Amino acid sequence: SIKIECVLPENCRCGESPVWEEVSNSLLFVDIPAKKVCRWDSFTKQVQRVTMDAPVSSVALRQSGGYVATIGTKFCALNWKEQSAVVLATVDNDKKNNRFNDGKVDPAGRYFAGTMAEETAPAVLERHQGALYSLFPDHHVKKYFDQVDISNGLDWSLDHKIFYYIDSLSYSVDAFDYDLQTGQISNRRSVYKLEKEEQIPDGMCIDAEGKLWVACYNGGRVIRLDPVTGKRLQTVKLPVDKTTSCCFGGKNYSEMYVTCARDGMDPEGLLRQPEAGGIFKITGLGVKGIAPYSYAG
């Protein structure tokens, strides 16, 4: 049996980028259009919040201390206590209107993230403006590929030989060969195409059996896929439609934390999804996840 609970009714405009900090039993996440980074202590229940000067799309662990975030079209290191960010690298300078979206650290401590055109407009507009990036330990940047609509969930297989990636308007989870030692990706192929009711695929993580959990935007669900068989294994429905992301955390990585968005709802949807934008905890999935990697620069 499954328990779904709102642990923190944060009403985020757009909650994203859940990451489990095991050393302090905290969850981090972002609220993208609110430009916030948040850190929620699972023991005290207290949340702290830093507000940045541009959309903050993702946040990850930095092994030397503090955190890394993608703010606007920059990779930045964050000194949480000083409420100070230092710019590590910039991308997409040629684009007048981009941001980072989803990002996540390698098995080798490289901070992967891509971009997208900024939009809340959708159905008056356009595309293919994104590209996938990685920030190496030496603070150098690689562009993997362009023509990306919305850079979204991403992860890596337990044996470090395959990269999983979602570009959301593709409606497909893709897989690449990944070289751990160099961070090269090849042989892009589709491993799962969403069903319609699955709506927009968004955030993703891998679990300790190597299956994939995809948050489904407008979907009110997260879906478990086998990437080696090509099939859906399970659907867990949430009391909110605008599920964005998910990760594993809590004791032994046995709980799932899920982000969602309160933005773009109307009065009558807010009325009966009153916890929209909250953080949900799902217990009793009967699977554990794995620990995130920490940026190496």
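One-based numbering along the sequence shown.
- Mean CA B-factor, 136-144 versus 117-125: the higher value falls on 136-144.
- For the pair 12-20 and 270-278, the mean B factor over Cα atoms is greater in 270-278.
- When the C-alpha B-factors of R62, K242, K45, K237 are ranked from the entry, the top spot goes to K237.
- When the CA B factors of the chain's modelled residues are split into thirds, the value for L27 lands in the lowest one.
- For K251, the recorded CA B-factor ranks within the highest third of the chain. Only modelled residues enter the ranking.
- Placement of the Cα temperature factor of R99 within the chain: middle third of the modelled residues, per the deposited record.
- Sort the modelled residues of the chain by CA B factor and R39 lands in the lowest third.
- Sorting the modelled residues of the chain by their CA temperature factor places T229 in the highest third.
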